[PDB]
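Each chain gets a letter, A, B and so on, in the order the sequences are listed, and its residues count up from 1. What you see below is based on every heavy atom in this structure, not just the backbone, and it leaves out hydrogens, waters and symmetry mates.
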Amino acid sequence: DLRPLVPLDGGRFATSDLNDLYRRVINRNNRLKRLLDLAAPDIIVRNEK
Amino acid sequence: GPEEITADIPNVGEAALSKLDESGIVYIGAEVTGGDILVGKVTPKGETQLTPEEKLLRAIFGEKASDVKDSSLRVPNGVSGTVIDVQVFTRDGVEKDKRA
Amino acid sequence: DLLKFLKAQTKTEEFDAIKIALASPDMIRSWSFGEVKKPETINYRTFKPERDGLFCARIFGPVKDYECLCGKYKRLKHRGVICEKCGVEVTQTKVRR
Amino acid sequence: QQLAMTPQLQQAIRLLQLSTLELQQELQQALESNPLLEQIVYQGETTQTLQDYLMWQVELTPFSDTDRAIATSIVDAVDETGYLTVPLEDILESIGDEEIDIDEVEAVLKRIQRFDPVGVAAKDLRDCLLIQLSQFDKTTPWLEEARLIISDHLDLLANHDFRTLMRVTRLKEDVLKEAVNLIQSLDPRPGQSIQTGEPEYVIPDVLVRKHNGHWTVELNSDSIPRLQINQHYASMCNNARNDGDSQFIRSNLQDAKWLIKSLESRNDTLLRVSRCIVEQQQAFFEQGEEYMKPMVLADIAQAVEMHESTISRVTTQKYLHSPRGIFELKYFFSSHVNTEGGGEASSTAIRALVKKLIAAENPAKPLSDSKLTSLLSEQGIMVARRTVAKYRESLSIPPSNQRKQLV
Amino acid sequence: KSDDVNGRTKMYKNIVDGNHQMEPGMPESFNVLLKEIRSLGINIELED
DNA sequence: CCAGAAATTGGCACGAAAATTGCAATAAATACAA
DNA sequence: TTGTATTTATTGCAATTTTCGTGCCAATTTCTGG
Ligand SMILES: [Zn+2]
């Protein structure tokens with residue numbers, strides 16, 4: 001409720017800046033978790049980190 | 001379904017619909033004040049489920065009143081004037097009303 | 001007793017100082033009510049918050065007063081009850097703040 | 001042959017029947033597990049609802065602490081239309097105090113029912129109508145007759161009897177009609193004065209429009225899913241490094257290349273199916289749904305040389321945007337009845353005809369199903385009475401005896 | 001007259017009843033500030 | 001005005017037809033080493 | 001020049017289940033003529 005989504009006409013539920021930053025962090029974290037699970041080569045996991 | 005512009009609004013009284021024509025749009029030359037309806041519009045809310053309460057409501061008061069909302073255009077508070085011009089823009093392929 | 005329950009949520013906190021420090025990982029985990037695992041916000045089909053997302057009702061609380069997400073418990077008679085299907089507590093929607 | 005049916009072809013086929021949102025979820029799930037895949041202030045304002053208005057009126061009313069708690073419980077159990085959704089016993093249980101009887105709850109409920117709007121927090125329709133009628137002055141010409149009808153005989157008023165009502169109430173047509181009109185002048189849903197919400201829309205998957213005298217169908221490019229190969233990770237594929245490191249990249253590159261092709265084939269199949277559907281049902285997009293033709297899956301499955309299963313899977317939960325509106329791309333498949341001489345008439349067209357004929361009837365004597373069948377069997381259609389009754393029930397239209405009016 | 005939500009409704013009720021007294025309470029923006037500072041990984045709290 | 005009939009309505013059934021859903025590891029084109 | 005390993009291309013059958021229109025008939029609703 002401190003980072004709400006903006007509803008506008010036509011049903012567009014646009015996102016704010018904080019939600020975008022959180023989404024980027026979560027996407028990178030999930031990809032890194034999967035790569036560490038799958039024992040990826042170090043050259044890729046360093047870039048992901 | 002689509003939103004409909006019409007004068008057949010169930011929840012409002014007969015007086016508030018006196019300034020609207022057969023198409024649900026205010027007359028030219030009408031003197032309006034804050035809160036008056038300029039364009040009458042309804043938004044659908046229909047759904048398949050019908051409890052006995054809804055059946056009783058539809059039987060007593062009619063089916064038009066149900067499965068519809070009221071999203072009409074109203075004069076903002078503290079605003080008055082005379083209706084001097086109305087313009088209607090319709091998408092291609094949509095049936096035109098009498099006002100257009 | 002509903003009178004005490006309603007009286008308790010208007011109480012003001014007493015304090016005389018403000019303390020600032022560094023947050024341990026255990027402190028941060030003790031603050032939280034759950035872990036966010038997915039970058040989803042809104043379902044866009046039922047227009048409900050996605051589970052484990054940034055707006056999850058199981059983590060941050062109900063989207064309506066005293067109602068769980070699925071809809072088994074809905075009134076004040078079930079206040080404070082954690083639903084076994086959706087996991088949402090039956091409480092006020094201001095806890096999302 | 002029975003194809004080959006690898007565990008990859010199963011996933012490629014399963015992509016057909018997923019809606020765009022579920023497809024995006026699947027694409028994200030496959031994206032976070034394959035490194036070589038990739039994809040190409042405001043605060044708001046507080047709104048006052050019905051419950052907020054009711055609680056604002058509760059705060060400014062001289063209630064005691066117990067009465068205020070009971071009022072909070074009552075206002076909590078009030079839906080958007082203004083009706084009480086729980087019995088008073090549930091409210092008494094939720095209070096949690098054992099020295100309170102049902103009489104105090106009844107008194108607090110009576111006090112709340114006189115808030116603005118009047119009739120709110122009503123138990124049922126009879127209670128709401130009686131509450132609204134108790135605020136009228138005694139000078140109303142037909143107050144007593146309407147009150148009697150609402151209090152005693154409302155079920156047979158809903159049944160549209162209008163004749164047994166005359167016998168029991170001992171009135172005349174010119175008085176019973178006035179009482180009925182007075183009743184119908186009341187407000188059925190008190191809580192809809194404060195409307196809060198927003199209509200919910202959908203994103204169409206395919207758009208059909210009219211260009212230079214013909215119909216053009218194309219995918220909606222604002223929602224079409226598309227993936228891409230990550231070149232940075234693909235570059236370090238066969239370079240000098242560990243053999244395991246080089247083998248980890250080839251497999252993922254193969255998987256990504258296959259997934260991109262599966263997405264492209266899904267889009268192409270959807271476009272071809274939609275194009276064939278628009279070509280077949282061409283009169284609908286011009287002259288409304290009274291001219292829809294009765295096509296089935298096997299009709300499309302021969303115009304694109306696919307199997308009926310593929311057509312069934314593609315058309316699932318995908319929406320088409322037309323100047324008339326938004327449909328589900330399966331709304332165009334319907335049953336049929338035999339017409340006169342030769343041909344078939346779709347059930348959608350017959351439903352539209354039935355709705356039109358019912359909407360233009362005499363209010364004094366509504367059209368029964370036999371009369372509707374006779375009227376339909378003049379244009380050529382051969383539909384049975386039971387089928388017409390089924391269509392009317394599907395349209396949510398009451399029977400003939402429940403559509404008549406005293407006018 | 002501001003972001004203190006409970007005092008807002010108490011003051012209106014007191015004024016309508018003819019009692020010109022207030023119970024101040026805590027502003028909401030301070031709670032928002034505390035939450036935003038905590039979201040940065042800093043432990044800030046009220047004591048006693 | 002009162003039976004008795006005639007009409008109306010909707011639940012259940014039937015056989016055809018339509019629609020849905022589970023399969024799980026192949027065949028040919030192509031670059032390539034002898 | 002030729003047998004061989006790799007990469008594409010494959011998006012249909014065959015069960016099983018659901019839905020279809022329309023008939024039979026009991027239970028309500030209206031009509032009529034004595
Ligand atoms: Zn629940």
With rounding to the nearest 0.5 angstrom, report the [atom1] to [atom2] distance, [X] to [Y].
| X | Y | atom1 | atom2 | answer |
| --- | --- | --- | --- | --- |
| D:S396 | B:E54 | OG | CD | 10.5 Å |
| D:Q192 | B:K45 | CD | NZ | 5.5 Å |
| D:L157 | B:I60 | CG | CD1 | 4.0 Å |

Self-check item: Greatest number of heavy atom pairs closer than 4.5 Å to chain D - which of B:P10, B:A59, B:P2
Solution: B:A59

Side chains of [X] and [Y] in contact at under 4.5 Å (non-hydrogen atoms):
| X | Y | answer |
| --- | --- | --- |
| B:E63 | D:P398 | yes |
| D:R189 | B:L57 | yes |
| D:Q195 | B:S71 | no |

Quiz item: Out of D:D155, D:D124, D:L125, which one pairs with B:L56 under the side chain to side chain contact (heavy atoms under 4.5 Å, CB included) rule?
Solution: D:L125

Look at atom [atom1] of [X] and say whether more than 12 heavy atoms of other residues, nucleotides or ligands are closer to it than 6.0 Å.
| X | atom1 | value |
| --- | --- | --- |
| D:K365 | NZ | no |
| D:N362 | CG | yes |
| D:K356 | NZ | yes |
| D:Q287 | CD | yes |
| D:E80 | CD | no |
| B:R99 | CZ | yes |

[X], part contacting chain B, at a heavy-atom distance under 4.5 Å:
| X | value |
| --- | --- |
| D:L129 | side chain |
| D:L154 | both |
| D:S322 | backbone |

Quiz prompt | D:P199 to B:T43 - nearest heavy-atom pair and separation | solution = CB-CG2, 3.9 Å

Quiz item: What is the minimum heavy-atom distance between D:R324 and B:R91, and which atoms define it?
Solution: N-NH2, 4.3 Å

Quiz prompt | Among the listed options D:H160, D:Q184, D:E200, the residue most often paired with chain B at heavy-atom distances under 4.5 Å | solution = D:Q184

